[PDB]
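J.: Structure file query-v9.cif, mmCIF, C-alpha atoms, is pasted below:
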data_model
loop_
_atom_site.group_PDB
_atom_site.id
_atom_site.type_symbol
_atom_site.label_atom_id
_atom_site.label_comp_id
_atom_site.auth_asym_id
_atom_site.auth_seq_id
_atom_site.Cartn_x
_atom_site.Cartn_y
_atom_site.Cartn_z
ATOM 1 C CA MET C 1 15.072 -19.219 3.356
ATOM 2 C CA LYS C 2 15.342 -15.759 1.705
ATOM 3 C CA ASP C 3 15.687 -12.997 4.403
ATOM 4 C CA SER C 4 14.590 -10.290 1.869
ATOM 5 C CA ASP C 5 10.999 -11.656 2.462
ATOM 6 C CA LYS C 6 10.827 -9.233 5.483
ATOM 7 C CA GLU C 7 9.515 -6.652 2.935
ATOM 8 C CA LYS C 8 8.903 -8.902 -0.182
ATOM 9 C CA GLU C 9 6.595 -11.500 1.581
ATOM 10 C CA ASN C 10 3.265 -12.640 0.012
ATOM 11 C CA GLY C 11 -0.196 -12.081 1.555
ATOM 12 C CA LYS C 12 -0.009 -8.278 1.626
ATOM 13 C CA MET C 13 -3.782 -7.854 1.944
ATOM 14 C CA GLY C 14 -5.775 -4.629 1.828
ATOM 15 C CA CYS C 15 -3.991 -2.969 -1.136
ATOM 16 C CA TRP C 16 -7.336 -1.672 -2.558
ATOM 17 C CA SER C 17 -8.098 0.947 -5.229
ATOM 18 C CA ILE C 18 -8.741 4.556 -4.009
ATOM 19 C CA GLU C 19 -12.316 4.546 -5.420
ATOM 20 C CA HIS C 20 -12.926 1.088 -3.821
ATOM 21 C CA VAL C 21 -11.990 2.663 -0.448
ATOM 22 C CA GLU C 22 -13.995 5.948 -0.703
ATOM 23 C CA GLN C 23 -17.160 4.623 -2.428
ATOM 24 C CA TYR C 24 -17.434 1.364 -0.420
ATOM 25 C CA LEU C 25 -16.367 2.930 2.972
ATOM 26 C CA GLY C 26 -19.159 1.803 5.354
ATOM 27 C CA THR C 27 -20.460 -1.212 3.296
ATOM 28 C CA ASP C 28 -20.162 -5.011 3.943
ATOM 29 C CA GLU C 29 -17.599 -5.043 1.055
ATOM 30 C CA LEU C 30 -15.269 -2.358 2.560
ATOM 31 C CA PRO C 31 -16.213 -1.615 6.255
ATOM 32 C CA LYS C 32 -14.561 1.516 7.800
ATOM 33 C CA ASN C 33 -12.945 -0.619 10.563
ATOM 34 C CA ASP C 34 -10.878 -2.686 8.017
ATOM 35 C CA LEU C 35 -9.475 0.524 6.390
ATOM 36 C CA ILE C 36 -8.469 1.744 9.912
ATOM 37 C CA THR C 37 -6.987 -1.753 10.593
ATOM 38 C CA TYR C 38 -4.814 -1.792 7.398
ATOM 39 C CA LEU C 39 -3.466 1.703 8.266
ATOM 40 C CA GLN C 40 -2.530 0.805 11.924
ATOM 41 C CA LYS C 41 -0.974 -2.511 10.748
ATOM 42 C CA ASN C 42 1.183 -1.136 7.876
ATOM 43 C CA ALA C 43 1.848 2.548 8.904
ATOM 44 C CA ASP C 44 4.080 3.984 11.677
ATOM 45 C CA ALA C 45 2.505 5.093 15.025
ATOM 46 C CA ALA C 46 3.007 8.770 13.934
ATOM 47 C CA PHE C 47 0.579 8.312 10.970
ATOM 48 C CA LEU C 48 -2.294 7.028 13.169
ATOM 49 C CA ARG C 49 -1.587 9.811 15.732
ATOM 50 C CA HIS C 50 -1.884 12.266 12.753
ATOM 51 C CA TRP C 51 -5.286 10.852 11.602
ATOM 52 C CA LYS C 52 -6.502 10.147 15.236
ATOM 53 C CA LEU C 53 -6.584 6.365 14.415
ATOM 54 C CA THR C 54 -4.201 5.800 17.432
ATOM 55 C CA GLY C 55 -7.147 5.038 19.848
ATOM 56 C CA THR C 56 -9.733 2.179 20.002
ATOM 57 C CA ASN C 57 -11.238 1.238 16.535
ATOM 58 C CA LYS C 58 -14.788 1.621 17.983
ATOM 59 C CA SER C 59 -14.336 5.349 18.879
ATOM 60 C CA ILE C 60 -12.235 5.763 15.688
ATOM 61 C CA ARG C 61 -15.075 4.615 13.294
ATOM 62 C CA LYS C 62 -17.574 6.697 15.419
ATOM 63 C CA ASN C 63 -15.528 10.018 15.481
ATOM 64 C CA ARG C 64 -13.445 9.638 12.256
ATOM 65 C CA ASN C 65 -15.682 9.712 9.158
ATOM 66 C CA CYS C 66 -14.930 8.388 5.645
ATOM 67 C CA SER C 67 -13.131 11.706 4.750
ATOM 68 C CA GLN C 68 -10.385 10.932 7.346
ATOM 69 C CA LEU C 69 -9.933 7.334 6.114
ATOM 70 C CA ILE C 70 -9.878 8.257 2.338
ATOM 71 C CA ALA C 71 -7.345 11.113 2.719
ATOM 72 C CA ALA C 72 -5.258 8.868 5.055
ATOM 73 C CA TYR C 73 -5.216 5.862 2.610
ATOM 74 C CA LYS C 74 -4.416 8.138 -0.391
ATOM 75 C CA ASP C 75 -1.547 10.019 1.370
ATOM 76 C CA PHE C 76 -0.240 6.604 2.596
ATOM 77 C CA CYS C 77 0.050 5.048 -0.920
ATOM 78 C CA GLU C 78 1.246 8.447 -2.329
ATOM 79 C CA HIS C 79 3.847 8.629 0.528
ATOM 80 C CA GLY C 80 5.348 5.421 -0.918
ATOM 81 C CA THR C 81 5.144 3.537 2.379
ATOM 82 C CA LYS C 82 7.918 1.256 3.773
ATOM 83 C CA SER C 83 5.359 -1.434 4.777
ATOM 84 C CA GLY C 84 6.981 -3.864 2.274
ATOM 85 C CA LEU C 85 4.869 -2.608 -0.668
ATOM 86 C CA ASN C 86 7.547 -2.606 -3.465
ATOM 87 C CA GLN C 87 9.991 -1.224 -0.827
ATOM 88 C CA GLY C 88 12.945 -2.511 1.282
#
Using the file provided, produce a representation of the structure as structure tokens.
T.:
Amino acid sequence: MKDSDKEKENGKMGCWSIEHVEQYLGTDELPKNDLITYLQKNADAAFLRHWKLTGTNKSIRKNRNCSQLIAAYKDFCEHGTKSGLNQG
């Protein structure tokens, strides 16, 4: 084993480009739900309560437009998140 995998594990999906997120938000390539999913998987409960992504993903993609998801994803990566993305 190598217990430092708890942040340095492989299969860290959903680390997209900013322009991939914003431009493809709502397509078959980058659906809004999967952006919301990545955020509630990786981020702390506070972050989703800040962007109103703390509810059910159905009402979240209906009430929270692309603007919410883009600004969220940007500020997440720019925050330098502790979701095991070059962090530990």
J.: Would you write out, as a PyMOL selection string, every residue that the PyMOL selection byres ((chain C and resi 87) around 12) captures in this file?
T.: chain C and resi 4-9+77+79-86+88
J.: Go through C:36, C:21, C:30, C:1 one by one, measure the shortest atom-to-atom distance of each to residue C:54 using all atoms listed in the file, and give the residue with the smallest value.
T.: C:36
J.: If we count only C-alpha atoms, what is near residue C:29 at a cut-off of 12 Å, once residues fewer than 6 positions away on the same chain are taken out, given as a list in words?
T.: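 The filter keeps residues 14, 16, 20, 21, 22, 23 and 35 of chain C.
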J.: What gap, in Å, lies between atom CA of residue C:12 and atom CA of residue C:32?
T.: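 Computing it gives 18.6 Å between the two atoms.
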J.: What is the distance between atom CA of residue C:64 and atom CA of residue C:51, in Å to one decimal?
T.: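 About the pair atom CA of residue C:64 and atom CA of residue C:51: they are 8.3 Å apart.
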J.: Can you list, as a PyMOL selection string, every protein, DNA or RNA residue that comes within 12 Å of residue C:34 when you count only C-alpha atoms, leaving out same-chain residues fewer than 5 positions away?
T.: chain C and resi 13-16+21+24-29+39-41+53+57-58+60-61+69+73
J.: What's the separation between atom CA of residue C:75 and atom CA of residue C:38, in Å to one decimal place?
T.: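 According to the coordinates, atom CA of residue C:75 and atom CA of residue C:38 are separated by 13.7 Å.
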J.: Select, from C:62, C:43, C:3, C:56, the residue with the minimum atom-to-atom distance to residue C:76, counting only C-alpha atoms.
T.: C:43
